[PDB]
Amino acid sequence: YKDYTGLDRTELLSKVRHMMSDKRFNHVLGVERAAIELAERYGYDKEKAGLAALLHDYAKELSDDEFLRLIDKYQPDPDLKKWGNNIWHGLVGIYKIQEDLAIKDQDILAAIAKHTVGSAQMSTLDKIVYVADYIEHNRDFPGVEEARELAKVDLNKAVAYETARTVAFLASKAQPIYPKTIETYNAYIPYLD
C-alpha cells in the first residue's frame, strides 16, 4: 500500500485505528481480509482491494457537524444535508481520507465513496468492497451466510443479494432509502433470476 499512500502498513494501521472504536477497527480488518480473498478469487489486484477495504470506513465515526462542514467545503448539495452518517461516511468521508492521506487513486476513492449505496455499473473493485463489507467474518445478521455462499460463486449475485436484503430491511423499518440504493438494486437483481 506504500505505493498508494506513501506509508508502511504499520503507520497506516495506526492512522485508521485512531479514527474509530476497537469493534469498528476489527470490522475494517475483517473487510480487508475478505476483500483480498475476493480479489484472489475474481482475478483482481489484491493491493488495491485490500487498501480500499482498509480505508472504507475511515470516516464512520466523524460527527454530524464535522460531516456538515465537509459538505459545505467540498460538496454543498442541499439534498445531501437531509441524510446522515449512513450516507455521508462513504460519499463525504472520502474528502476526510484525502485530507489526512496522500491518496489520489480514483478507483480506490470511488469504491470507498459508494461502499454503502453502490451504483449501477459497479467496477470489480467497487463490488469487492461492497460485498466484503457485508460478508467479513465478524458479521452475523439475517442474510450474511447466504451472502457468503454467493460470493464464492458469483460476485454479481452477491451484490444483488446484499442490495435486495438492505432494501427489504430499510423498508421494514420505514427508513429512507437513498436513491442510488435503488439504482444498484434494479441493476443487479437480474442476476438472481
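The first residue of the shown sequence is 1; numbering continues from there.
Comparing 119 to 127 with 78 to 86, the stretch with the higher mean C-alpha B-factor in the PDB entry is 78 to 86.
Comparing 140 to 148 with 30 to 38, the stretch with the higher mean C-alpha B-factor in the PDB entry is 140 to 148.
Based on the entry's C-alpha B-factors, the most elevated value among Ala132, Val167, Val159, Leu68 belongs to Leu68. Among all modelled residues in this chain, the alpha-carbon of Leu13 has a temperature factor (C-alpha) in the highest third.
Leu54 sits in the highest third of its chain by CA B factor, as recorded in the PDB entry. Annotation for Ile103: CA B-factor lies in the highest third of the chain's modelled residues.
Ranked by Cα temperature factor within the chain, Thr181 sits in the middle third according to the deposited record.
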